Amino acid sequence: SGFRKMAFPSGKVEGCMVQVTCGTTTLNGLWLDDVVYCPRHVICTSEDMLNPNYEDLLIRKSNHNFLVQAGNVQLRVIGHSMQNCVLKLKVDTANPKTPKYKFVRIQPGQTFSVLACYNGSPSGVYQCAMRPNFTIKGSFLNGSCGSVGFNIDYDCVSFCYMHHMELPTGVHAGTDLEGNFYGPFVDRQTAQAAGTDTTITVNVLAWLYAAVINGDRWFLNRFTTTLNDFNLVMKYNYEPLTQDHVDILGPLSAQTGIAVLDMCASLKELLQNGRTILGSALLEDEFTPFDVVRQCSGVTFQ
Amino acid sequence: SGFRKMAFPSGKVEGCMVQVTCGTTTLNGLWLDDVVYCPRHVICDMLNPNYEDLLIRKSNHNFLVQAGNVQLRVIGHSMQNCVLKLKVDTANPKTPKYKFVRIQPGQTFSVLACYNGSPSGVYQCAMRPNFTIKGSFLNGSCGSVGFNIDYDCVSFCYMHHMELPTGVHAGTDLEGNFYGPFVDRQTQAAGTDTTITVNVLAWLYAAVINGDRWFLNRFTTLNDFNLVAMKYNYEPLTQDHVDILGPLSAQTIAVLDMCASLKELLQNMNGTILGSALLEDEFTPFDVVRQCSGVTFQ
Ligand SMILES: *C1=CC(=O)c2c(O)ccc(O)c2C1=O
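Line order of the protein sequences matches chains B and A. According to the deposited numbering, the residues represented by the first sequence are 1 to 233, 235 to 275, 279 to 306, in order. According to the deposited numbering, the residues represented by the second sequence are 1 to 44, 48 to 190, 192 to 223, 225 to 257, 259 to 274, 276 to 278, 280 to 306, in order.
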């Protein structure tokens, strides 16, 4: 029993973290096969970040201008190319610890594990969700460039995030492993602000489904709803519910017997009046239905 | 910068997880050097077992140890308290620098939940004052270990054993000594638990370092506060506690300087601190320094 924010084992990702240094800038890189991936602003300085011409700044760099270190051993850069906001450095040696991997772009509401690193060395690992405003509520200090977010299913690591910058409000922004930013953000020093954030309904519902499997049932009512009316009643800044969403909540709905619209109506009423569910006073929205099924893996009666 | 419940990198521990099978019982084991550590309940099947007789009536080939496909030949077996030690033919080449440490109530560690010798996830948790853990364990997670990483040395401090009726979990250190008055026998109940004040204070320091300061005031002392703390079930604060909070006080406000702010936060909470409305008590002072200074292991 028990329910905790569970991150994936980070060992497979640890074997790929390297240190990338260009000029006076040093950040983390992802060593997969014979290519090292790192944010492209490593070739920048503080003065260039006010209006950087990345293509022009990269032409003025050569292969040995990039120092890639895996522990103490140095990796010779034999090629460099740029893909969106990510810099790709081809090296002479293929990483022997390279796992089976994928580059995947995730959707708002999905969760993943972040391995915070500094100087190519792991500092910690934690779970977080891609917020609807395309930001992540993580924990990052200066030098966390190149720290990656990922999911591990079977023995294949699905890389889905590379950290880049901190927004004024304290949240973090980044790209996928193809260099494309999540949201309307850019890797340049300009006035940028995260848009208004919303609560992930499907994660709150899955988390409520968790609580039921898990002892807490005080919040259930004998009320149902439809799709539109509940999505309209969101005034409380809750993400609208979709048909694919109720199809993902299907397995949890069957295991418990409560339907999605039955819990949608129950969720309404924790909103109208809002003591602790699963030990927390706030409604948690960073637990996907898959996370609940993974930890609350019980039989479904049919 | 942000503050999250941060677990240690589990790579060094993943390389030590193995599967131990005895008869029909299967759990997880810790492969360090040429010894595999696992709960002695693998040798069962029993509600009140005499482990000493059950182990003498067992031989080396009665234990099936698997790392991946690879079978580890058991060339010796011994028992220390509630932990079983299995000598194997091959020393683990992935053995990291390690230490066996018994932690104290209130200290935190990372749990690598495993099933059938394969690591499933990692999460942080604290040793509650009642010597229990509020973790997440399913059937087959027996033998999963808790640990701390300092420099390149892994400090193993917990081995999961059982789930108590209230849903909370109990286990031993790596020497087989249970945490609390629990035994690997069928009935035991966790005693009354309290909140770890020194962790609540350190967590308040973390909020301060991160921008959240709405709760700070300009003034109380030890006696007064633990008078206010005993009723909210906050574990009493000691002088060693404020000396550990010293480094955080210098980096930033003193302990009692913040103690009054906590008194007021207990007395009456209208917002969330660090994004949570509840007072978090699973962050030790070292945990805050680790997350705000960006300490890297290895
Ligand atoms: C799994 C592991 C274990 O160690 C244990 C134990 O020590 C006593 C009773 C039970 O049921 C278990 C168990 O299921």
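Beta carbons: idealized from backbone N, C-alpha and C, even for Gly.
For ligand 1, I want to know if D295 of chain B counts as a neighbour, meaning its beta carbon is within less than 7 Å of at least one of the ligand's heavy atoms.
no
Compute every distance between the C-beta of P184 of chain A and the non-hydrogen atoms of ligand 1, then say whether any falls below 7 Å.
no
Buried versus exposed call for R188 of chain A [16 or more other C-beta atoms within 10 Å across all chains shown]
exposed
Using a Cβ-Cβ cutoff of less than 6 Å, which residues in the same chain neighbour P241 of chain A once the five nearest sequence positions on both sides are dropped?
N231
Would you call the region 152 to 159 of chain A in contact with the region 130 to 141 of chain A, where contact means no fewer than 3 C-beta pairs closer than 8 Å?
no
Hey, would you say the C-beta of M165 of chain A is under 7 Å away from at least one heavy atom of ligand 2?
Ligands displayed in this structure: ligand 1; ligand 2 is not among them.
Buried versus exposed call for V303 of chain B [16 or more other C-beta atoms within 10 Å across all chains shown]:
exposed
Which same chain residues, not among the five before or five after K102 of chain A, have their C-beta less than 6 Å away from its C-beta?
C156 and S158
Which one or two residues does DSSP pair with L67 of chain B in a beta bridge?
B:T21
Between the C-alpha atoms of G15 of chain B and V36 of chain A, what's the straight-line distance to the nearest angstrom?
24 Å
Compute every distance between the C-beta of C145 of chain A and the non-hydrogen atoms of ligand 1, then say whether any falls below 7 Å.
yes
Can you give me, in chain order, the residues of the region 51 to 72 of chain B that have a beta carbon less than 7 Å from any beta carbon in chain A?
none
Could you please tell me which residues of the region 3 to 14 of chain B, in chain order, have their CB closer than 9 Å to any CB of chain A?
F3, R4, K5, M6, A7, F8, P9, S10, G11, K12, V13 and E14
Tell me whether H41 of chain A, by its Cβ, gets closer than 7 Å to a heavy atom of ligand 1.
yes
Range of the contiguous alpha helix (DSSP H) that encloses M6 of chain A
Run containing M6 of chain A: none; DSSP gives neither H nor E here.
Taking 7 Å as the cut-off, is the CB of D176 of chain A close to at least one heavy atom of ligand 1?
no
Proximal chain B residues relative to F305 of chain A, where beta-carbon distance stays under 8 Å
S121, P122 and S123
Given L50 of chain A, which residues of its chain have a CB within under 8 Å of its CB, disregarding the five upstream and five downstream residues?
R188 and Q189
Ordered along the chain, which non-local residues of its own chain (more than five positions away) have a Cβ less than 6 Å from that of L287 of chain A?
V204
Which residues in chain A have a C-beta closer than 9 Å to the C-beta of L30 of chain B? List them in chain order.
Within 9 Å Cβ-Cβ: nothing; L30 of chain B doesn't reach chain A, min ~15 Å.
Measuring only between beta-carbons, confirm whether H163 of chain A sits less than 8 Å from chain B.
no
Delimiting residues of the alpha helix (DSSP H) encompassing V261 of chain A
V261 to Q273
Going by beta-carbon coordinates alone, are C22 of chain B and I106 of chain B separated by less than 8 Å?
no
Closer than 7 Å by C-beta to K137 of chain B: which residues in its own chain qualify, once you throw out the five before and the five after it? Chain order, please.
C128, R131 and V171
Please decide whether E178 of chain B counts as near chain A, where near means a Cβ-Cβ distance under 8 Å.
no
Residue 234 of chain B: first and last residue of the uninterrupted alpha helix (DSSP H) it sits in
Since chain B is numbered 233 and then 235, with no step between, residue 234 of chain B has no place in the structure shown.
Cut-off 7 Å between Cβ atoms - residues of its own chain near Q306 of chain A, not counting five sequence neighbours on either side:
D155
Sorted by chain position, which residues of the same chain lie with C-beta nearer than 8 Å to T199 of chain A's C-beta, five sequence neighbours on each side aside?
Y237, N238, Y239, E240, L287 and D289
Any beta strand (DSSP E) of 3 or more consecutive residues that is wholly inside the region 109 to 190 of chain A:
111 to 118, 121 to 129, 148 to 153, 156 to 166 and 172 to 175
Once the 5 residues before and after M165 of chain B are set aside, which same chain residues still bring their CB inside 8 Å of it?
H172, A173, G174, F185 and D187
Inter-residue CB distance, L27 of chain A and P39 of chain A (contact presumed, cutoff 8 Å):
6 Å
Closer than 8 Å at the beta carbon, the chain B residues around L208 of chain A
Here the premise fails: no neighbours, minimum Cβ distance about 17 Å.
Kindly list the residues whose CB is nearer than 6 Å to the CB of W31 of chain A, restricted to its own chain and excluding five residues on each side of it in sequence; keep chain order.
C16, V18 and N95
Tell me whether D34 of chain A counts as near ligand 1, meaning its Cβ is closer than 7 Å to at least one heavy atom of that ligand.
no
With a CB to CB cut of under 6 Å and the five nearest residues on each side skipped, what residues in its chain are close to residue 276 of chain B?
Between 275 and 279, chain B has no modelled residues, which means residue 276 of chain B does not appear in the coordinates.
So, at 7 Å on beta carbons, what are the nonlocal neighbours of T257 of chain B in its own chain, with the 5 sequence-adjacent residues on each side left out?
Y209, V212 and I213
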